[PDB]
Structure formats: structure tokens, C-alpha cells
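Text of the file target-v2.pdb, holding PDB, C-alpha atoms and all ligand atoms:
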ATOM      1  CA  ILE A   1       5.806  -7.136 267.856  1.00  0.00           C
ATOM      2  CA  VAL A   2       7.841  -4.324 269.467  1.00  0.00           C
ATOM      3  CA  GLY A   3       9.528  -4.966 272.829  1.00  0.00           C
ATOM      4  CA  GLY A   4       8.589  -8.645 272.863  1.00  0.00           C
ATOM      5  CA  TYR A   5      10.530 -11.891 273.068  1.00  0.00           C
ATOM      6  CA  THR A   6      11.277 -14.833 270.790  1.00  0.00           C
ATOM      7  CA  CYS A   7       8.386 -17.240 271.477  1.00  0.00           C
ATOM      8  CA  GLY A   8      10.256 -20.443 270.728  1.00  0.00           C
ATOM      9  CA  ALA A   9       9.532 -22.752 267.793  1.00  0.00           C
ATOM     10  CA  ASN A  10       5.923 -23.990 267.683  1.00  0.00           C
ATOM     11  CA  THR A  11       5.124 -22.804 271.225  1.00  0.00           C
ATOM     12  CA  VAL A  12       2.097 -20.901 269.865  1.00  0.00           C
ATOM     13  CA  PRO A  13       0.539 -23.766 267.880  1.00  0.00           C
ATOM     14  CA  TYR A  14      -2.618 -21.859 266.817  1.00  0.00           C
ATOM     15  CA  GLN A  15      -0.602 -19.034 265.212  1.00  0.00           C
ATOM     16  CA  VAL A  16      -0.782 -19.069 261.428  1.00  0.00           C
ATOM     17  CA  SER A  17       0.911 -16.991 258.753  1.00  0.00           C
ATOM     18  CA  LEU A  18      -1.155 -15.865 255.762  1.00  0.00           C
ATOM     19  CA  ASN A  19       0.994 -15.959 252.645  1.00  0.00           C
ATOM     20  CA  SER A  20       0.371 -14.532 249.158  1.00  0.00           C
ATOM     21  CA  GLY A  21       3.953 -14.960 247.921  1.00  0.00           C
ATOM     22  CA  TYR A  22       5.133 -13.495 251.232  1.00  0.00           C
ATOM     23  CA  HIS A  23       3.838 -13.232 254.801  1.00  0.00           C
ATOM     24  CA  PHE A  24       1.271 -10.429 255.027  1.00  0.00           C
ATOM     25  CA  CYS A  25      -0.865 -11.172 258.113  1.00  0.00           C
ATOM     26  CA  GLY A  26      -1.358 -13.404 261.112  1.00  0.00           C
ATOM     27  CA  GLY A  27      -4.342 -15.592 261.910  1.00  0.00           C
ATOM     28  CA  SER A  28      -5.590 -18.082 264.496  1.00  0.00           C
ATOM     29  CA  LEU A  29      -6.539 -21.708 263.873  1.00  0.00           C
ATOM     30  CA  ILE A  30      -9.930 -22.357 265.551  1.00  0.00           C
ATOM     31  CA  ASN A  31     -10.564 -25.844 264.150  1.00  0.00           C
ATOM     32  CA  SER A  32      -9.053 -28.218 261.562  1.00  0.00           C
ATOM     33  CA  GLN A  33     -10.683 -26.339 258.625  1.00  0.00           C
ATOM     34  CA  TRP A  34     -10.983 -22.701 259.771  1.00  0.00           C
ATOM     35  CA  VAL A  35      -8.813 -19.680 260.588  1.00  0.00           C
ATOM     36  CA  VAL A  36      -9.864 -16.383 262.201  1.00  0.00           C
ATOM     37  CA  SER A  37      -8.077 -13.217 261.057  1.00  0.00           C
ATOM     38  CA  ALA A  38      -8.717  -9.482 260.605  1.00  0.00           C
ATOM     39  CA  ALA A  39     -11.054  -8.257 257.849  1.00  0.00           C
ATOM     40  CA  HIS A  40      -8.372  -5.734 256.827  1.00  0.00           C
ATOM     41  CA  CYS A  41      -6.213  -8.776 255.947  1.00  0.00           C
ATOM     42  CA  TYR A  42      -8.669  -9.777 253.190  1.00  0.00           C
ATOM     43  CA  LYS A  43      -7.221 -10.496 249.756  1.00  0.00           C
ATOM     44  CA  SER A  44      -7.463 -13.240 247.139  1.00  0.00           C
ATOM     45  CA  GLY A  45      -4.849 -15.976 246.697  1.00  0.00           C
ATOM     46  CA  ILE A  46      -4.248 -16.787 250.357  1.00  0.00           C
ATOM     47  CA  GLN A  47      -2.178 -19.771 251.422  1.00  0.00           C
ATOM     48  CA  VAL A  48      -2.458 -20.588 255.117  1.00  0.00           C
ATOM     49  CA  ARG A  49       0.855 -21.611 256.676  1.00  0.00           C
ATOM     50  CA  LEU A  50       0.582 -23.593 259.918  1.00  0.00           C
ATOM     51  CA  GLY A  51       3.350 -24.940 262.155  1.00  0.00           C
ATOM     52  CA  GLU A  52       5.627 -21.990 261.342  1.00  0.00           C
ATOM     53  CA  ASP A  53       8.490 -20.580 263.316  1.00  0.00           C
ATOM     54  CA  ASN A  54      11.005 -19.160 260.830  1.00  0.00           C
ATOM     55  CA  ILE A  55       8.752 -18.095 257.943  1.00  0.00           C
ATOM     56  CA  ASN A  56      11.742 -17.983 255.531  1.00  0.00           C
ATOM     57  CA  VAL A  57      12.961 -21.554 256.184  1.00  0.00           C
ATOM     58  CA  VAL A  58      11.224 -24.935 255.869  1.00  0.00           C
ATOM     59  CA  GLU A  59      11.982 -26.391 259.309  1.00  0.00           C
ATOM     60  CA  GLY A  60       9.836 -29.554 259.153  1.00  0.00           C
ATOM     61  CA  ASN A  61       6.610 -28.918 261.095  1.00  0.00           C
ATOM     62  CA  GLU A  62       4.807 -26.754 258.525  1.00  0.00           C
ATOM     63  CA  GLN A  63       1.531 -27.430 256.775  1.00  0.00           C
ATOM     64  CA  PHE A  64       0.804 -25.273 253.717  1.00  0.00           C
ATOM     65  CA  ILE A  65      -2.891 -25.250 252.765  1.00  0.00           C
ATOM     66  CA  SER A  66      -4.632 -22.937 250.297  1.00  0.00           C
ATOM     67  CA  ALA A  67      -7.816 -21.115 251.307  1.00  0.00           C
ATOM     68  CA  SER A  68     -10.993 -22.312 249.570  1.00  0.00           C
ATOM     69  CA  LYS A  69     -13.024 -19.323 250.761  1.00  0.00           C
ATOM     70  CA  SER A  70     -12.817 -16.171 252.864  1.00  0.00           C
ATOM     71  CA  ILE A  71     -15.759 -14.581 254.682  1.00  0.00           C
ATOM     72  CA  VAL A  72     -15.362 -10.969 255.798  1.00  0.00           C
ATOM     73  CA  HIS A  73     -17.799  -9.938 258.518  1.00  0.00           C
ATOM     74  CA  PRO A  74     -20.997  -8.552 256.943  1.00  0.00           C
ATOM     75  CA  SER A  75     -20.713  -5.311 258.962  1.00  0.00           C
ATOM     76  CA  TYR A  76     -16.990  -4.681 258.474  1.00  0.00           C
ATOM     77  CA  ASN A  77     -16.285  -0.998 257.834  1.00  0.00           C
ATOM     78  CA  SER A  78     -12.781  -0.490 256.410  1.00  0.00           C
ATOM     79  CA  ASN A  79     -12.731   3.235 257.268  1.00  0.00           C
ATOM     80  CA  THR A  80     -13.435   2.849 261.005  1.00  0.00           C
ATOM     81  CA  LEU A  81     -12.251  -0.791 261.246  1.00  0.00           C
ATOM     82  CA  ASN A  82     -15.448  -1.616 263.151  1.00  0.00           C
ATOM     83  CA  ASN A  83     -16.079  -5.395 262.990  1.00  0.00           C
ATOM     84  CA  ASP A  84     -12.498  -6.120 261.885  1.00  0.00           C
ATOM     85  CA  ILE A  85     -12.857  -9.888 261.628  1.00  0.00           C
ATOM     86  CA  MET A  86     -12.850 -12.501 258.853  1.00  0.00           C
ATOM     87  CA  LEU A  87     -13.001 -16.290 258.549  1.00  0.00           C
ATOM     88  CA  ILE A  88     -10.833 -18.327 256.180  1.00  0.00           C
ATOM     89  CA  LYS A  89     -11.662 -21.923 255.255  1.00  0.00           C
ATOM     90  CA  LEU A  90      -8.842 -24.312 254.342  1.00  0.00           C
ATOM     91  CA  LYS A  91      -9.132 -26.407 251.156  1.00  0.00           C
ATOM     92  CA  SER A  92      -8.170 -29.459 253.217  1.00  0.00           C
ATOM     93  CA  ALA A  93      -8.308 -30.099 256.959  1.00  0.00           C
ATOM     94  CA  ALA A  94      -5.069 -29.464 258.855  1.00  0.00           C
ATOM     95  CA  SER A  95      -3.517 -32.426 260.652  1.00  0.00           C
ATOM     96  CA  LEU A  96      -3.735 -31.409 264.301  1.00  0.00           C
ATOM     97  CA  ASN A  97      -0.854 -32.207 266.639  1.00  0.00           C
ATOM     98  CA  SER A  98       1.161 -30.652 269.498  1.00  0.00           C
ATOM     99  CA  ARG A  99       2.614 -28.017 267.115  1.00  0.00           C
ATOM    100  CA  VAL A 100      -0.506 -27.323 265.016  1.00  0.00           C
ATOM    101  CA  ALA A 101      -3.505 -26.902 267.304  1.00  0.00           C
ATOM    102  CA  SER A 102      -6.744 -24.935 267.483  1.00  0.00           C
ATOM    103  CA  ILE A 103      -7.404 -22.203 270.057  1.00  0.00           C
ATOM    104  CA  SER A 104     -10.711 -22.123 271.963  1.00  0.00           C
ATOM    105  CA  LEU A 105     -13.220 -19.329 271.413  1.00  0.00           C
ATOM    106  CA  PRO A 106     -14.314 -17.329 274.462  1.00  0.00           C
ATOM    107  CA  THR A 107     -17.484 -18.223 276.377  1.00  0.00           C
ATOM    108  CA  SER A 108     -17.448 -14.748 277.963  1.00  0.00           C
ATOM    109  CA  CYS A 109     -15.624 -11.465 277.363  1.00  0.00           C
ATOM    110  CA  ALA A 110     -12.333 -10.843 279.198  1.00  0.00           C
ATOM    111  CA  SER A 111     -11.895  -8.004 281.687  1.00  0.00           C
ATOM    112  CA  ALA A 112      -9.526  -5.058 281.980  1.00  0.00           C
ATOM    113  CA  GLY A 113      -6.361  -6.314 283.693  1.00  0.00           C
ATOM    114  CA  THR A 114      -6.551  -9.810 282.183  1.00  0.00           C
ATOM    115  CA  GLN A 115      -3.078 -10.918 281.072  1.00  0.00           C
ATOM    116  CA  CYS A 116      -2.829 -12.086 277.448  1.00  0.00           C
ATOM    117  CA  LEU A 117      -0.315 -13.330 274.895  1.00  0.00           C
ATOM    118  CA  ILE A 118      -0.007 -11.438 271.611  1.00  0.00           C
ATOM    119  CA  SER A 119       2.137 -12.907 268.838  1.00  0.00           C
ATOM    120  CA  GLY A 120       3.242 -12.378 265.248  1.00  0.00           C
ATOM    121  CA  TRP A 121       5.922 -11.764 262.633  1.00  0.00           C
ATOM    122  CA  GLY A 122       5.346  -7.999 262.427  1.00  0.00           C
ATOM    123  CA  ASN A 123       7.807  -5.105 262.661  1.00  0.00           C
ATOM    124  CA  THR A 124       9.965  -5.138 265.824  1.00  0.00           C
ATOM    125  CA  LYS A 125      10.854  -1.405 265.701  1.00  0.00           C
ATOM    126  CA  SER A 126       8.791   1.547 266.965  1.00  0.00           C
ATOM    127  CA  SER A 127      10.700   4.134 264.893  1.00  0.00           C
ATOM    128  CA  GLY A 128      12.541   2.212 262.158  1.00  0.00           C
ATOM    129  CA  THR A 129      11.740  -1.036 260.335  1.00  0.00           C
ATOM    130  CA  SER A 130      12.959  -4.596 260.973  1.00  0.00           C
ATOM    131  CA  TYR A 131      10.971  -7.754 260.261  1.00  0.00           C
ATOM    132  CA  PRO A 132      11.822 -10.928 262.174  1.00  0.00           C
ATOM    133  CA  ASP A 133      11.933 -14.379 260.630  1.00  0.00           C
ATOM    134  CA  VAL A 134      10.903 -16.216 263.818  1.00  0.00           C
ATOM    135  CA  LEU A 135       7.669 -15.743 265.785  1.00  0.00           C
ATOM    136  CA  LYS A 136       7.691 -12.969 268.408  1.00  0.00           C
ATOM    137  CA  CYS A 137       5.581 -12.866 271.570  1.00  0.00           C
ATOM    138  CA  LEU A 138       4.350 -10.201 273.989  1.00  0.00           C
ATOM    139  CA  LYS A 139       2.633 -10.566 277.347  1.00  0.00           C
ATOM    140  CA  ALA A 140       0.224  -7.655 277.733  1.00  0.00           C
ATOM    141  CA  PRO A 141      -2.788  -6.725 279.868  1.00  0.00           C
ATOM    142  CA  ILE A 142      -6.184  -5.681 278.573  1.00  0.00           C
ATOM    143  CA  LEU A 143      -6.744  -1.992 279.330  1.00  0.00           C
ATOM    144  CA  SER A 144      -9.941  -0.431 280.663  1.00  0.00           C
ATOM    145  CA  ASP A 145     -12.520   0.756 278.150  1.00  0.00           C
ATOM    146  CA  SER A 146     -12.245   4.270 279.620  1.00  0.00           C
ATOM    147  CA  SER A 147      -8.453   4.465 279.171  1.00  0.00           C
ATOM    148  CA  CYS A 148      -8.781   2.980 275.666  1.00  0.00           C
ATOM    149  CA  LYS A 149     -11.375   5.597 274.702  1.00  0.00           C
ATOM    150  CA  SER A 150      -9.367   8.460 276.204  1.00  0.00           C
ATOM    151  CA  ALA A 151      -6.253   7.243 274.311  1.00  0.00           C
ATOM    152  CA  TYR A 152      -8.228   7.260 271.042  1.00  0.00           C
ATOM    153  CA  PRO A 153     -11.052   9.829 271.235  1.00  0.00           C
ATOM    154  CA  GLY A 154     -13.973   9.066 268.894  1.00  0.00           C
ATOM    155  CA  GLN A 155     -12.498   5.797 267.538  1.00  0.00           C
ATOM    156  CA  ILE A 156     -13.150   2.962 270.022  1.00  0.00           C
ATOM    157  CA  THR A 157     -16.370   1.027 269.361  1.00  0.00           C
ATOM    158  CA  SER A 158     -18.025  -1.705 271.427  1.00  0.00           C
ATOM    159  CA  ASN A 159     -16.227  -4.216 269.162  1.00  0.00           C
ATOM    160  CA  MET A 160     -12.727  -3.053 270.128  1.00  0.00           C
ATOM    161  CA  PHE A 161     -10.467  -3.148 273.150  1.00  0.00           C
ATOM    162  CA  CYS A 162      -7.013  -1.848 273.985  1.00  0.00           C
ATOM    163  CA  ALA A 163      -4.195  -4.010 275.302  1.00  0.00           C
ATOM    164  CA  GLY A 164      -0.604  -3.170 276.157  1.00  0.00           C
ATOM    165  CA  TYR A 165       1.138  -0.343 277.959  1.00  0.00           C
ATOM    166  CA  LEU A 166       0.302   3.374 278.095  1.00  0.00           C
ATOM    167  CA  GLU A 167       4.010   4.071 278.729  1.00  0.00           C
ATOM    168  CA  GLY A 168       4.747   2.603 275.265  1.00  0.00           C
ATOM    169  CA  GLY A 169       7.727   0.406 274.386  1.00  0.00           C
ATOM    170  CA  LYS A 170       5.739  -2.841 274.034  1.00  0.00           C
ATOM    171  CA  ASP A 171       3.069  -3.336 271.362  1.00  0.00           C
ATOM    172  CA  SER A 172       1.925  -5.159 268.241  1.00  0.00           C
ATOM    173  CA  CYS A 173       2.883  -3.573 264.917  1.00  0.00           C
ATOM    174  CA  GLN A 174       2.624  -3.726 261.114  1.00  0.00           C
ATOM    175  CA  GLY A 175       2.554  -7.362 259.943  1.00  0.00           C
ATOM    176  CA  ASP A 176       1.061  -8.636 263.218  1.00  0.00           C
ATOM    177  CA  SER A 177      -2.364  -7.762 261.739  1.00  0.00           C
ATOM    178  CA  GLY A 178      -4.939 -10.536 262.072  1.00  0.00           C
ATOM    179  CA  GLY A 179      -2.954 -12.430 264.699  1.00  0.00           C
ATOM    180  CA  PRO A 180      -4.044 -13.700 268.117  1.00  0.00           C
ATOM    181  CA  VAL A 181      -4.572 -12.156 271.514  1.00  0.00           C
ATOM    182  CA  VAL A 182      -4.993 -15.194 273.782  1.00  0.00           C
ATOM    183  CA  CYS A 183      -5.963 -14.885 277.448  1.00  0.00           C
ATOM    184  CA  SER A 184      -6.305 -17.885 279.785  1.00  0.00           C
ATOM    185  CA  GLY A 185      -6.412 -20.227 276.775  1.00  0.00           C
ATOM    186  CA  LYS A 186      -9.142 -18.300 274.912  1.00  0.00           C
ATOM    187  CA  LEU A 187      -8.884 -16.194 271.756  1.00  0.00           C
ATOM    188  CA  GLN A 188     -10.150 -12.824 273.038  1.00  0.00           C
ATOM    189  CA  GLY A 189      -8.595 -10.533 270.424  1.00  0.00           C
ATOM    190  CA  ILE A 190      -7.378 -10.067 266.876  1.00  0.00           C
ATOM    191  CA  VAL A 191      -4.562  -7.624 266.061  1.00  0.00           C
ATOM    192  CA  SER A 192      -6.492  -4.781 264.410  1.00  0.00           C
ATOM    193  CA  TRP A 193      -4.962  -1.294 264.545  1.00  0.00           C
ATOM    194  CA  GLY A 194      -3.085   1.472 266.340  1.00  0.00           C
ATOM    195  CA  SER A 195      -1.412   4.845 265.844  1.00  0.00           C
ATOM    196  CA  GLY A 196       2.139   3.795 265.051  1.00  0.00           C
ATOM    197  CA  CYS A 197       3.582   1.133 267.372  1.00  0.00           C
ATOM    198  CA  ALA A 198       4.690   1.213 271.011  1.00  0.00           C
ATOM    199  CA  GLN A 199       4.121   4.976 271.243  1.00  0.00           C
ATOM    200  CA  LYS A 200       3.269   6.558 274.591  1.00  0.00           C
ATOM    201  CA  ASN A 201      -0.508   6.665 275.207  1.00  0.00           C
ATOM    202  CA  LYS A 202      -1.255   4.814 271.940  1.00  0.00           C
ATOM    203  CA  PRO A 203      -1.718   1.154 272.881  1.00  0.00           C
ATOM    204  CA  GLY A 204      -2.706  -1.509 270.363  1.00  0.00           C
ATOM    205  CA  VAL A 205      -6.388  -1.866 269.487  1.00  0.00           C
ATOM    206  CA  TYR A 206      -7.885  -5.327 269.044  1.00  0.00           C
ATOM    207  CA  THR A 207     -11.096  -6.814 267.675  1.00  0.00           C
ATOM    208  CA  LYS A 208     -13.289  -7.996 270.563  1.00  0.00           C
ATOM    209  CA  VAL A 209     -13.736 -11.660 269.582  1.00  0.00           C
ATOM    210  CA  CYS A 210     -16.310 -12.517 272.286  1.00  0.00           C
ATOM    211  CA  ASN A 211     -18.808 -10.342 270.351  1.00  0.00           C
ATOM    212  CA  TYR A 212     -18.493 -12.639 267.315  1.00  0.00           C
ATOM    213  CA  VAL A 213     -18.711 -16.165 268.740  1.00  0.00           C
ATOM    214  CA  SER A 214     -22.296 -16.709 267.526  1.00  0.00           C
ATOM    215  CA  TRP A 215     -21.427 -15.454 264.038  1.00  0.00           C
ATOM    216  CA  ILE A 216     -18.292 -17.624 263.936  1.00  0.00           C
ATOM    217  CA  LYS A 217     -20.136 -20.767 265.044  1.00  0.00           C
ATOM    218  CA  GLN A 218     -23.110 -20.287 262.715  1.00  0.00           C
ATOM    219  CA  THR A 219     -20.872 -19.419 259.761  1.00  0.00           C
ATOM    220  CA  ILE A 220     -18.728 -22.525 260.292  1.00  0.00           C
ATOM    221  CA  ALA A 221     -21.879 -24.661 260.661  1.00  0.00           C
ATOM    222  CA  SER A 222     -23.159 -23.675 257.179  1.00  0.00           C
ATOM    223  CA  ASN A 223     -19.949 -23.245 255.162  1.00  0.00           C
TER     224      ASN A 223
HETATM  225  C1  LIG A 301       1.863   0.569 261.802  1.00  0.00           C
HETATM  226  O1  LIG A 301       0.980   0.202 262.846  1.00  0.00           O
HETATM  227  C2  LIG A 301       0.196  -0.945 262.608  1.00  0.00           C
HETATM  228  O2  LIG A 301       0.109  -1.385 261.533  1.00  0.00           O
HETATM  229  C3  LIG A 301      -0.550  -1.504 263.737  1.00  0.00           C
HETATM  230  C4  LIG A 301      -0.118  -1.040 265.089  1.00  0.00           C
HETATM  231  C5  LIG A 301      -0.580  -2.178 265.948  1.00  0.00           C
HETATM  232  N1  LIG A 301      -0.902  -1.900 267.294  1.00  0.00           N
HETATM  233  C6  LIG A 301      -1.465  -3.099 265.170  1.00  0.00           C
HETATM  234  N2  LIG A 301      -1.213  -2.773 263.791  1.00  0.00           N
HETATM  235  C7  LIG A 301      -1.559  -3.587 262.631  1.00  0.00           C
HETATM  236 CA    CA A 302       9.118 -22.285 258.227  1.00  0.00          CA
END
Take the structure from the file and write it as C-alpha cells.
Amino acid sequence: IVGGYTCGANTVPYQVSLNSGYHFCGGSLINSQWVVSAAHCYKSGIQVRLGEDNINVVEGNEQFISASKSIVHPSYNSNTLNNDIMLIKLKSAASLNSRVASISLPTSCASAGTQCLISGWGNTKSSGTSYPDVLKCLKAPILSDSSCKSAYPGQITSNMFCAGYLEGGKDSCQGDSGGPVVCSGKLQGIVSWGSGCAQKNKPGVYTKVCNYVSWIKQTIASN
């Protein structure tokens, strides 16, 4: 997250870190057994880390649970990043509490202008490179489809939306991948892609979660 703020320990209780020897992506806890992340975060050997603030220090509220299976969306295209969503099942159910909690799925899509919270452990620099240990947060509005499309000609599908600031300075970045965009208590987005970070007229692009609620529910119901 570039131009954000320190969230505060365990203030984003649905935020998970995906770890394969190191943090490599964010995710969102949607029930005791399942995490939603980006398809471009797919790899084998994933440990889901819940209750994290400082990802380099065991602070006492963590739960570390290995993934038993990952399900990348059937229509994910890694070239275009269309359908950039994946589900991860935990080997054992997380113990839910005030600091480890699921986030609700949307019942409808969120509009341009809706204020959201984007979070993660990604790069905090727009030019250089610096990775934080503690969770960073950004309040950002969803941008109109038209402004999103004109920012990224030929690249925005019906499964993507832009959020952030056309002036730049505030954005998600590398390492925030797969993490949450939460608006009015609903998971509306997944950190997907962008052209650099926090650059003028290049806002972050996010997977449009409301398009996938049926797939998520049916997948969970049979897996
Ligand atoms: C380097 O840029 C990135 O990796 C991006 C930019 C962001 N808006 C979301 N990402 C995962
Ligand atoms: Ca920790």
C-alpha cells in the first residue's frame, strides 16, 4: 500500500497473509474454512496466516493453517487477468474471534463513489522499494467504469473495477495482490493489477467480487 496508514493490530480481522516460506500475497477469510484471493497468487505449498499484524514477529493472535486445496476460477486468463479470483480451503477450520473473523460477500455490486478499505503488506513506495512488517490500510473510492476504461484502454473487462485516485499518490502495490477491498462491510474487490503503483492516471484495478458470489457459494458447498 502506497500513501496509506498503519491499520492497527488486528483491526482488519479478515485479512490473511499467504505464506510459502515468506509472505507473497493477501487474502480474505470468508468463513472458518475458506479464503478468497487472486488467481495470480496461485502456487503450491500455501500456509494461510490469520490474525497477523507484524508478519515477521509472533505476537500472539496468529493462527497458521496449511491449505488443503486451491481452486483457481475456471475462466481465469493469466495474460489478461480476466477472472482473477481463487478459493483456498484450510486443512482445519480457523477459530473465529474478534481478531480472526470472516468478511461478508456482496449481495449486490458496489457503485462508483463507494468508499472502501484496501489493505495489505505490499510495497509502500511508488518509485523505490520498501516492504512493511505491519498491515497497511488505504481508504479509497471506487472509480467510474468510464474513467477506469479510459485510464486503461483495451484492458478493463466486466469483471474488473478501478479504485483509488487519478492524481496518484495513494494505491495498492506489489505484495498487496489477492487482498481485500471492503466497502460497507462487504468484500467487493480483490487486489488484482495496475501499471506501477500510485502513478497519475493509473489507479489500482480490482477483481469484481459481486460477479463471483454464485461460483463462490456453489464451490464451497461441494468442496
Ligand atoms: C507493481 O504493481 C503491482 O504489482 C500492482 C499494482 C497494484 N495496483 C496492484 N498490484 C498487485
Ligand atoms: Ca505475526
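Atom pair atom CA of residue A:26 / atom CA of residue A:154 has a distance of 26.9 Å (rounded to one decimal).
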Take the PyMOL selection byres (((chain A and resi 16) around 12) and not hetatm), apply it to the structure above, and return the hits as JSON, numbers by chain.
{"A": [10, 12, 13, 14, 15, 17, 18, 19, 23, 24, 25, 26, 27, 28, 29, 30, 34, 35, 36, 37, 46, 47, 48, 49, 50, 51, 52, 53, 54, 55, 62, 63, 64, 65, 88, 90, 94, 99, 100, 101, 102, 103, 119, 120, 121, 135, 176, 177, 178, 179, 180]}
Ligand CA 302 (chain A) proximity check over A:71, A:41, A:134, A:220, using all atoms listed in the file: winner is A:134
Nearest residue to ligand CA 302 (chain A) out of A:133, A:196, A:33, A:125, using only C-alpha atoms and all ligand atoms?
A:133
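What separates atom CA of residue A:148 from atom CA of residue A:114 is a distance of 14.5 Å.
Distances from A:56, A:219, A:199, A:95 to residue A:169 were compared using only C-alpha atoms, and the smallest one belongs to A:199.
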Quick one: what's the axis-aligned box for stretch 169-179 of chain A, all listed atoms, 3 Å on every side, centre and edges in Å to one decimal, as lines of an AutoDock Vina configuration file?
center_x = 1.4
center_y = -6.0
center_z = 267.2
size_x = 18.7
size_y = 18.8
size_z = 20.4
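From atom CA of residue A:174 back to atom CA of residue A:195, the distance works out to 10.6 Å.
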Counting all atoms listed in the file, name the residues that have an atom within 9 Å of an atom of ligand LIG 301 (chain A); the answer should be given as a PyMOL selection string.
chain A and resi 1+25+122-123+126+163-164+171-178+191-198+202-206
File of the preceding selection, C-alpha atoms, as a PDB file, in the frame of the given file:
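Everything below was put into selection32.pdb:
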ATOM      1  CA  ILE A   1       5.806  -7.136 267.856  1.00  0.00           C
ATOM      2  CA  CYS A  25      -0.865 -11.172 258.113  1.00  0.00           C
ATOM      3  CA  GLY A 122       5.346  -7.999 262.427  1.00  0.00           C
ATOM      4  CA  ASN A 123       7.807  -5.105 262.661  1.00  0.00           C
ATOM      5  CA  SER A 126       8.791   1.547 266.965  1.00  0.00           C
ATOM      6  CA  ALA A 163      -4.195  -4.010 275.302  1.00  0.00           C
ATOM      7  CA  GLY A 164      -0.604  -3.170 276.157  1.00  0.00           C
ATOM      8  CA  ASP A 171       3.069  -3.336 271.362  1.00  0.00           C
ATOM      9  CA  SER A 172       1.925  -5.159 268.241  1.00  0.00           C
ATOM     10  CA  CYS A 173       2.883  -3.573 264.917  1.00  0.00           C
ATOM     11  CA  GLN A 174       2.624  -3.726 261.114  1.00  0.00           C
ATOM     12  CA  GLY A 175       2.554  -7.362 259.943  1.00  0.00           C
ATOM     13  CA  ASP A 176       1.061  -8.636 263.218  1.00  0.00           C
ATOM     14  CA  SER A 177      -2.364  -7.762 261.739  1.00  0.00           C
ATOM     15  CA  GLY A 178      -4.939 -10.536 262.072  1.00  0.00           C
ATOM     16  CA  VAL A 191      -4.562  -7.624 266.061  1.00  0.00           C
ATOM     17  CA  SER A 192      -6.492  -4.781 264.410  1.00  0.00           C
ATOM     18  CA  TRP A 193      -4.962  -1.294 264.545  1.00  0.00           C
ATOM     19  CA  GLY A 194      -3.085   1.472 266.340  1.00  0.00           C
ATOM     20  CA  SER A 195      -1.412   4.845 265.844  1.00  0.00           C
ATOM     21  CA  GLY A 196       2.139   3.795 265.051  1.00  0.00           C
ATOM     22  CA  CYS A 197       3.582   1.133 267.372  1.00  0.00           C
ATOM     23  CA  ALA A 198       4.690   1.213 271.011  1.00  0.00           C
ATOM     24  CA  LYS A 202      -1.255   4.814 271.940  1.00  0.00           C
ATOM     25  CA  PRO A 203      -1.718   1.154 272.881  1.00  0.00           C
ATOM     26  CA  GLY A 204      -2.706  -1.509 270.363  1.00  0.00           C
ATOM     27  CA  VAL A 205      -6.388  -1.866 269.487  1.00  0.00           C
ATOM     28  CA  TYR A 206      -7.885  -5.327 269.044  1.00  0.00           C
TER      29      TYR A 206
END
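If you measure from each of A:58, A:85, A:40, A:21 to ligand CA 302 (chain A) using only C-alpha atoms and all ligand atoms, the closest one turns out to be A:58.
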So what does the PyMOL selection byres (((chain A and resi 116) around 10) and not hetatm) actually pick up in this one, as a ChimeraX atom specification?
/A:110,113-115,117-119,138-142,163-164,180-189
Once you have the residues from the selection above, write them out as a short mmCIF file (atom, residue, chain, number, x, y, z; two decimals), in the coordinates of the input, restricted to C-alpha atoms.
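What ended up in result.cif:
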data_model
loop_
_atom_site.label_atom_id
_atom_site.label_comp_id
_atom_site.auth_asym_id
_atom_site.auth_seq_id
_atom_site.Cartn_x
_atom_site.Cartn_y
_atom_site.Cartn_z
CA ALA A 110 -12.33 -10.84 279.20
CA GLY A 113 -6.36 -6.31 283.69
CA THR A 114 -6.55 -9.81 282.18
CA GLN A 115 -3.08 -10.92 281.07
CA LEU A 117 -0.32 -13.33 274.90
CA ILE A 118 -0.01 -11.44 271.61
CA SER A 119 2.14 -12.91 268.84
CA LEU A 138 4.35 -10.20 273.99
CA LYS A 139 2.63 -10.57 277.35
CA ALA A 140 0.22 -7.66 277.73
CA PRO A 141 -2.79 -6.72 279.87
CA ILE A 142 -6.18 -5.68 278.57
CA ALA A 163 -4.20 -4.01 275.30
CA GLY A 164 -0.60 -3.17 276.16
CA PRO A 180 -4.04 -13.70 268.12
CA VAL A 181 -4.57 -12.16 271.51
CA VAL A 182 -4.99 -15.19 273.78
CA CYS A 183 -5.96 -14.88 277.45
CA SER A 184 -6.30 -17.89 279.79
CA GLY A 185 -6.41 -20.23 276.77
CA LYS A 186 -9.14 -18.30 274.91
CA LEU A 187 -8.88 -16.19 271.76
CA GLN A 188 -10.15 -12.82 273.04
CA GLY A 189 -8.60 -10.53 270.42
#
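Shortest atom-to-atom contact with ligand CA 302 (chain A) among A:155, A:130, A:61, A:107: A:61, counting all atoms listed in the file.
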Residue A:200 environment, 9 Å, all atoms listed in the file, sequence neighbours closer than 4 positions dropped, as a PDB file with C-alpha atoms, in the frame of the given file:
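result33.pdb written:
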ATOM      1  CA  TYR A 165       1.138  -0.343 277.959  1.00  0.00           C
ATOM      2  CA  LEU A 166       0.302   3.374 278.095  1.00  0.00           C
ATOM      3  CA  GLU A 167       4.010   4.071 278.729  1.00  0.00           C
ATOM      4  CA  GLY A 168       4.747   2.603 275.265  1.00  0.00           C
ATOM      5  CA  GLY A 169       7.727   0.406 274.386  1.00  0.00           C
TER       6      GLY A 169
END
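Between ligand CA 302 (chain A) and the residues A:2, A:39, A:57, A:67, the shortest atom-to-atom distance, using only C-alpha atoms and all ligand atoms, involves A:57.
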For the file shown, what are the residues hit by the PyMOL selection byres (((chain A and resi 215) around 12) and not hetatm), laid out as a list in words?
residues 36, 71, 72, 73, 74, 75, 83, 85, 86, 87, 105, 209, 210, 211, 212, 213, 214, 216, 217, 218, 219, 220, 221, 222 and 223 of chain A
Pull stretch 1-7 of chain A out of the block and emit N, CA and C atoms, as an mmCIF file, in the first residue's frame.
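Full text of selection.cif as output:
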data_model
loop_
_atom_site.group_PDB
_atom_site.id
_atom_site.type_symbol
_atom_site.label_atom_id
_atom_site.label_comp_id
_atom_site.auth_asym_id
_atom_site.auth_seq_id
_atom_site.Cartn_x
_atom_site.Cartn_y
_atom_site.Cartn_z
ATOM 1 N N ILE A 1 0.870 -1.213 0.000
ATOM 2 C CA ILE A 1 0.000 0.000 0.000
ATOM 3 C C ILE A 1 0.890 1.241 0.000
ATOM 4 N N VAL A 2 0.706 2.107 -0.998
ATOM 5 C CA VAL A 2 1.418 3.383 -1.092
ATOM 6 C C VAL A 2 0.495 4.511 -0.624
ATOM 7 N N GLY A 3 1.009 5.377 0.247
ATOM 8 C CA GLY A 3 0.252 6.536 0.713
ATOM 9 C C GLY A 3 -0.884 6.184 1.657
ATOM 10 N N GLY A 4 -0.744 5.061 2.353
ATOM 11 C CA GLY A 4 -1.749 4.601 3.296
ATOM 12 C C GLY A 4 -1.382 4.938 4.723
ATOM 13 N N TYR A 5 -1.972 4.195 5.653
ATOM 14 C CA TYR A 5 -1.706 4.370 7.077
ATOM 15 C C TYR A 5 -1.589 3.008 7.746
ATOM 16 N N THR A 6 -0.917 2.977 8.887
ATOM 17 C CA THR A 6 -0.828 1.765 9.694
ATOM 18 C C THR A 6 -2.221 1.440 10.238
ATOM 19 N N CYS A 7 -2.756 0.276 9.865
ATOM 20 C CA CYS A 7 -4.127 -0.089 10.237
ATOM 21 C C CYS A 7 -4.323 -0.106 11.741
#
